[PDB]
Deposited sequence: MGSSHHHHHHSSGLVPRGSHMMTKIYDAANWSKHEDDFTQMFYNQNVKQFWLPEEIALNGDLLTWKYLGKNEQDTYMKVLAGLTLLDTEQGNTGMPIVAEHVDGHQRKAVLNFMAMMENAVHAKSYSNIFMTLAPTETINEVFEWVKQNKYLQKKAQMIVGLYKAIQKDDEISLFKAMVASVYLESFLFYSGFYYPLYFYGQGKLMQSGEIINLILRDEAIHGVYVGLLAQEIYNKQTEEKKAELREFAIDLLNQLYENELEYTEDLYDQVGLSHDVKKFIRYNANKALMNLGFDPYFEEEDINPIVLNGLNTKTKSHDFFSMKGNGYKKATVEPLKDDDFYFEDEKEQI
């Protein structure tokens, strides 16, 4: 009942980072403190890693196991967006704002950062555990994918949105909003596929799947807290970002057909502001 409308929405949202000129951010970037620039680079690098694996591994593997040519076409399109559009856009931003050495250093930093490695290990592990014709392993990977789309990106998205909302780094911010617009529909779509599998189960099996989903969310959440503190303490925003990731965790659960898990909190209003030819006939020659 939904794939065709998602197909149409995905293809009509098609974009390339080159459509957005980035030289306009040069001055507002120059004006940020060293702490702010550091957090910003690292945040986008963490996002780049997530999209790299979502494009290389997550979306293609889910596409392989989901039945139906139209469902596969949507998932293939989403995969392309992840690595050919989203992951690449971050390099466009980096190449504009930062010198090569700072770019090299931040990519080295992703490799050695323990929270980023842990979250990649956990998510990619679940993708690679999918067994052919085994719907339960597929469900588990789809939960992981929804958590990546609708929860994990948001510790990263906070900062570009926070600046956009203050009228700073607005070209980079425009790119990020386009990425976010895509991930929102990706999270909903994968969520609907996960619910299909969940709804086939006995009540006993469903109870176990909810346990899996909640245990996984909590494990990812605890790691994301440490990641958030590590990045945002130097810019004074860790508590604010934490509220934002809890907000988005609830959206991820809802995409999976589950009740919200965290209590509602006031999000920084700045971040909220950050959001023809026809032939000639014979009679045409007479008047």
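According to the record, no C-alpha positions are given for deposited positions 1-36, 312-331, 344-350, numbered from 1.
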